[PDB]
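Trainee: Take a look at this one; I'll ask things after.
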Amino acid sequence: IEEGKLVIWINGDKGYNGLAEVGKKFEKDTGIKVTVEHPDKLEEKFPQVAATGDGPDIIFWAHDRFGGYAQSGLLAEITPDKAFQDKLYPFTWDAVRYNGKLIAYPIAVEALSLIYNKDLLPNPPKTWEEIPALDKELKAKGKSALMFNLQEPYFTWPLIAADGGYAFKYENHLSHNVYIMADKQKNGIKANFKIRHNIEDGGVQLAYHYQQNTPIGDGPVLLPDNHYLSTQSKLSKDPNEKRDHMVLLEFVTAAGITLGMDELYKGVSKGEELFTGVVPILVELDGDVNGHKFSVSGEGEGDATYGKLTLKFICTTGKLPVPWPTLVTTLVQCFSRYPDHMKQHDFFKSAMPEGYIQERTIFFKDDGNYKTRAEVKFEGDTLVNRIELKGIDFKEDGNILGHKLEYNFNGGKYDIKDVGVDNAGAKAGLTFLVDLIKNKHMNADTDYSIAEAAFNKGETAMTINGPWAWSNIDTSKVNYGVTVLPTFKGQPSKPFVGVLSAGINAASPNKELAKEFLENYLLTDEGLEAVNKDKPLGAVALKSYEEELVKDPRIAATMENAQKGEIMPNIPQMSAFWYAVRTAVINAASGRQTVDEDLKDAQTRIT
Ligand SMILES: OC[C@H]1O[C@H](O[C@H]2[C@H](O)[C@@H](O)[C@@H](O)O[C@@H]2CO)[C@H](O)[C@@H](O)[C@@H]1O
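Residue numbers for the sequence shown, in PDB author numbering: 2 to 268, 275 to 338, 342 to 617.
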């Protein structure tokens, strides 16, 4: 990659001539040349060429591809300052966050709308179900009802998702519950639970945990009734830290015993006093996994009144030989928030200051096991967790010693084993589409060019497209409207919402130049206007400019369809999702197999 200039890749359906104008302004101010290209298949080309250390400085695509690029080490982390972050909408920054890092600049929000010819169809349809009849009426007059790209599953997905189709199931319960039981003959507690570790490229690695805790001291402890600890964890990194490390934020609350009405009728351990405020924490772990010896040190603080832990861990021996997420559980349940009515069940604090021994065995399914023994106690003002870990029977090339686990915890934000492409709602929607074809209301071979030319020539009354398409319709002089997509079985069509984003190649020697361009030239009112005037971007990420665009009814329609849809995940598994659904739609549409069979195939490919 040549130093001292910028090469930018953007898709050929976007305003690349307008983006080139912004490049020319950058060159007028700086002397630096900005070359804008639109290669074919750039979303497949980029990971190929970047993996060898080549390609553009800056890559534009919808946000859904960027997680995969990021997981493959192809994107530089961006760290705009807070003054710049405040210029863009938070919804858009969320779309470019990946396992704790911002991995691109967001540009604009894209959602499909129904685009209609007001001369042919002054009142467009509310439902998919009425389209066959409208088509029959229009065909009698030499026109058709609807043409849109049937080759890319982006454009059929709104109908597939309408009555219940989905890619990956969003985890609505992000806390993980660990059930605590009294262990009377150890005068302590025990627990067993499992952790899910997403594997890169798909699949889940299970870690079955078995735990026993015993007081160090001879003083009385609290032995609890059955209950649980509900834990949420967030793993991140410190941009200024050069060693191998993990930043961890956790929140933990006890639950599972409801107060009875008898307790209202006519209606704390000494160790608990040590946890009324912020307590410093130190963690030290000496480990040996298949003979690979390592040490970890951690420091931070706990606040049991919130159930909150904030810690940074460092591998003090160089590269950690196992993945960080596999050590989270091993690396202080005394910081749990127990509700007042449950505090007689808090073994962990009752054992302080002398502390407890915490022992586990952790079995990684179809791989090795960890055995851990820890002393958790106060040393002065500080709560210290000192751990010995021994790992055996691991595969040197397996998910743990081969570092094949995603950097997230307990499955992350989507259940990548729960795919919705072959459920009743997906089948109903694709069956409707295939029926449209069977009944000669659409043609299986229609693609983007064919549909755009028919709509822009006034041959078809409707199309389905994004904001980028509007300028060619303008040139055509068709009198058009942009509106809400039709309903299916009374439910909104649910387009997958994209955020056009600009990522920086990890191998670029022009990372600062790229940030200067993106922050001070593109992501300005004048920069966005220049692209927008070429091909409309949609609902832009820059607040100041979006305030001008919201008076356009086409933007209002875009937003209404975005609201009814769902933001695309940016998880690495999205690439497999889209490949599978593409094949399923093309095959079902051309009659190659039935709808049921094709969606079942898709589902098997993805999982
Ligand atoms: O069809 C699968 C395809 O859908 C999306 O791509 C969109 C893109 O977001 C729009 O900006 C535009 O160019 O149309 C594309 C459909 O042809 C996903 O972003 C993409 O990853 C996916 O492969």
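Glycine is no exception: its CB is placed at the ideal position from the N, C-alpha and C atoms.
(1) Go ahead and label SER600 buried or exposed: buried means 16 or more other beta carbons lie within 10 angstroms of its beta carbon, across all protein chains shown.
(2) Could you have a look at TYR17 and say whether DSSP puts it in helix, strand or coil?
(3) Tell me, please, whether the region 282-294 touches the region 392-403 by the rule of three or more beta-carbon pairs shorter than 8 Å.
(4) When you compare the region 134-147 with the region 466-473, are there three or more beta-carbon pairs, one atom per stretch, that lie closer than 8 Å?
(5) Which residues mark the beginning and the end of the beta strand (DSSP E) in which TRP10 is found?
(6) Beta-carbon within less than 6 Å of residue 1's beta-carbon, same chain only, minus the 5 sequence neighbours each way: which residues are those?
(7) Pick helix, strand or coil for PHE506, following the three-state DSSP scheme.
(8) Looking only at its chain, what residues have a beta carbon closer than 7 Å to the beta carbon of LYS191, apart from the 5 residues adjacent to it on each side?
(9) Alpha carbon to alpha carbon, how far is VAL285 from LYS277?
(10) Taking only the alpha-carbon atoms, compute the straight-line gap between residue 1 and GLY298 and give it to the nearest angstrom.
(11) Which residue or residues does DSSP assign as beta-bridge partners of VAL290?
(12) Quick check on the burial criterion: 16 or more other C-beta atoms within 10 angstroms. Buried or exposed for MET262?
(13) Considering only C-alpha positions, which residue in the set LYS15, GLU38 and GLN86 is nearest to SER554?
(14) Run through the DSSP bridge pairs and tell me what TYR555 is partnered with.
(15) Using a threshold of 7 Å, is the CB atom of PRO154 nearer than that to any non-hydrogen atom of ligand 1?
(16) Can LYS235 and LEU224 be called in contact, C-beta distance under 8 Å?
(17) Can you check DSSP and say which residues form a bridge with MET247?
(18) Can you tell me where the beta strand (DSSP E) with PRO216 in it begins and where it stops?
(19) Measuring only the C-alpha atoms, how far is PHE169 from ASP41?
(20) Decide yes or no for the touch test of the region 125-143 against the region 572-586: beta carbon pairs closer than 8 Å, at least 3 of them.
(21) Ignoring anything shorter than 3 residues, give me the beta strand (DSSP E) runs that lie fully in the region 118-168, in order along the chain.
(22) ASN515 by DSSP, collapsed to three states: which one?
(23) With respect to 7 Å, is the separation between the Cβ of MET148 and the closest non-hydrogen atom of ligand 2 below this value?
(24) Whose CA, out of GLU539, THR568, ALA598 and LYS525, lies closest to the CA of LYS6?
(25) Taking the alpha-carbon of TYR99 as reference, which of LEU89, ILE79, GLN573 and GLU536 has the nearest alpha-carbon?
(26) For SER237, which three-state DSSP category applies?
(27) Could you pull the start and end residues of the beta strand (DSSP E) that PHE345 belongs to?
(28) Does ligand 1 have even one heavy atom less than 7 Å from the beta-carbon of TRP588?
(29) Going straight from the alpha carbon of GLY13 to that of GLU38, what length do you get?
(30) Comparing the CB of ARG615 with every heavy atom of ligand 1, is any distance shorter than 7 Å?
(31) Is it the case that the Cβ atoms of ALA586 and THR493 are separated by a distance below 8 Å?
(32) Quick check: is any heavy atom of ligand 1 less than 7 Å from the C-beta of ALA63?
(33) Count the other C-beta atoms from every protein chain shown that fall within 10 angstroms of the C-beta of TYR167, then say buried if there are 16 or more, exposed otherwise.
(34) Mind checking who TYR229 pairs with in its DSSP beta bridge?
(35) From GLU385 to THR283, what does the alpha carbon distance come to, in whole angstroms?
(36) In terms of alpha-carbon separation, which member of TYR313, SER304, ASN150 and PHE419 lies closest to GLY476?
Mentor: Judging by the given coordinates:
(1) Looking up residue 600 in the sequence shown gives position 590. Classification for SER600: exposed.
(2) For this step, residue 17 is matched to residue 16 along the sequence shown. Correct three-state label for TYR17: helix.
(3) They touch, by the three-pair rule.
(4) Contact holds: three or more Cβ-Cβ distances are below 8 Å.
(5) As a first step, residue 10 is located in the sequence shown; it is residue number 9 there, counting from the start. Per DSSP, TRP10 belongs to the beta strand (DSSP E) from 7-10.
(6) Residue numbering for the chain in the displayed model covers 2 to 617; residue 1 lies beyond these limits and cannot be assessed.
(7) On the sequence shown, position 496 is the one that residue 506 refers to. Note: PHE506 maps to strand in three-state DSSP.
(8) For the purposes of this step, residue 191 is taken as residue 190 along the sequence shown, with counting starting at 1. Excluding its 5 nearest sequence neighbours in each direction, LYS191 has C-beta neighbours in its own chain below 7 Å: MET182, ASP184, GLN212 and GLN213, listed in chain order.
(9) In the sequence shown, residue 285 corresponds to position 278, counting from 1. In the sequence shown, residue 277 corresponds to position 270, counting from 1. Straight-line Cα distance between these residues: approximately 17 Å.
(10) Past the boundaries of the shown model lies residue 1; the chain is included only from 2 to 617, so the question cannot be answered.
(11) Within the sequence shown, the letter at position 283 stands for residue 290. BP columns for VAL290 point to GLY305 and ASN395.
(12) As a position in the sequence shown, residue 262 is number 261, starting the count at 1. By the Cβ neighbour-count rule, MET262 is exposed, with fewer than 16 other Cβ atoms within 10 Å of its own.
(13) Numbered from 1 along the sequence shown, position 544 holds the residue referred to as residue 554. Closest option to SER554, Cα to Cα, is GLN86.
(14) Position 545 of the sequence shown holds residue 555. Looking at the DSSP output, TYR555 shares a beta bridge with no other residue.
(15) As a position in the sequence shown, residue 154 is number 153, starting the count at 1. The beta carbon of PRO154 sits closer than 7 Å to at least one heavy atom of ligand 1.
(16) Start at 1 with the first residue of the sequence shown, and residue 235 comes out as number 234. Start at 1 with the first residue of the sequence shown, and residue 224 comes out as number 223. No. Outside cutoff.
(17) Here residue 247 corresponds to residue number 246 of the sequence shown, with the count starting at 1. In DSSP, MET247 forms a bridge with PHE320.
(18) Working through the sequence shown from its first residue, we reach residue 216 at position 215. Run containing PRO216: 205-216, per the beta strand (DSSP E) assignment.
(19) Your numbering for residue 169 matches position 168 in the sequence shown. Your numbering for residue 41 matches position 40 in the sequence shown. The alpha-carbon atoms of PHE169 and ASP41 are separated by roughly 28 Å.
(20) Contact between the region 125-143 and the region 572-586 is absent, because fewer than three Cβ pairs lie under 8 Å.
(21) Listed in chain order, they are 145-147.
(22) Here residue 515 refers to the residue found at position 505 when the sequence shown is read from its first residue. When DSSP states are grouped into helix, strand and coil, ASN515 belongs to the strand group.
(23) Because ligand 2 does not appear in the structure shown, any question about it cannot be addressed here, the ligands present being ligand 1.
(24) For the purposes of this step, residue 6 is taken as the residue at position 5 of the sequence shown. Nearest of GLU539, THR568, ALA598 and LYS525 to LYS6, Cα basis: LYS525.
(25) On the sequence shown, residue 99 is found 98 positions in, with the first residue counted as 1. The residue among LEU89, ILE79, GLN573 and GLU536 with its C-alpha nearest the C-alpha of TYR99 is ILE79.
(26) Reading the sequence shown from its first residue, position 236 is the one you call residue 237. The answer is strand: DSSP assigns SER237 an E or B state.
(27) Position 335 of the sequence shown, counted from the first residue, corresponds to residue 345. Neither: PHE345 is in no beta strand (DSSP E) and is coded neither H nor E.
(28) As a working note, residue 588 is residue 578 in the sequence shown. Indeed, a heavy atom of ligand 1 lies less than 7 Å from the Cβ.
(29) Stepping through the sequence shown from its first residue, residue 13 is reached at position 12. Stepping through the sequence shown from its first residue, residue 38 is reached at position 37. Distance from the CA of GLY13 to the CA of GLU38, rounded to the nearest whole angstrom, comes to 9 Å.
(30) By one-based count along the sequence shown, residue 615 stands at place 605. Judged by the Cβ position, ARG615 fails to qualify as a neighbour of ligand 1 at the 7 Å threshold, every heavy atom of the ligand being at least this far.
(31) If you number the sequence shown from 1, residue 586 lands on position 576. If you number the sequence shown from 1, residue 493 lands on position 483. Going by C-beta atoms, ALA586 is not nearer than 8 Å to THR493.
(32) Position 62 of the sequence shown, counting from 1, holds the residue named residue 63. Under cutoff, so the answer is yes.
(33) Walking along the sequence shown from the start, residue 167 turns up at place 166. Residue environment: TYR167 is assigned as buried (16 or more neighbouring CB atoms within 10 Å of its CB, all protein chains considered).
(34) Numbered from its first residue, the sequence shown carries residue 229 at position 228. DSSP, once it has assigned bridges, lists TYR180 and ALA256 as partnering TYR229.
(35) Residue mapping note: residue 385 aligns to position 375 of the sequence shown, counting from 1. Residue mapping note: residue 283 aligns to position 276 of the sequence shown, counting from 1. Computed Cα separation, rounded: 22 Å.
(36) Residue numbering aside, residue 476 sits at position 466 when the sequence shown is read from its first letter. Closest option to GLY476, Cα to Cα, is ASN150.
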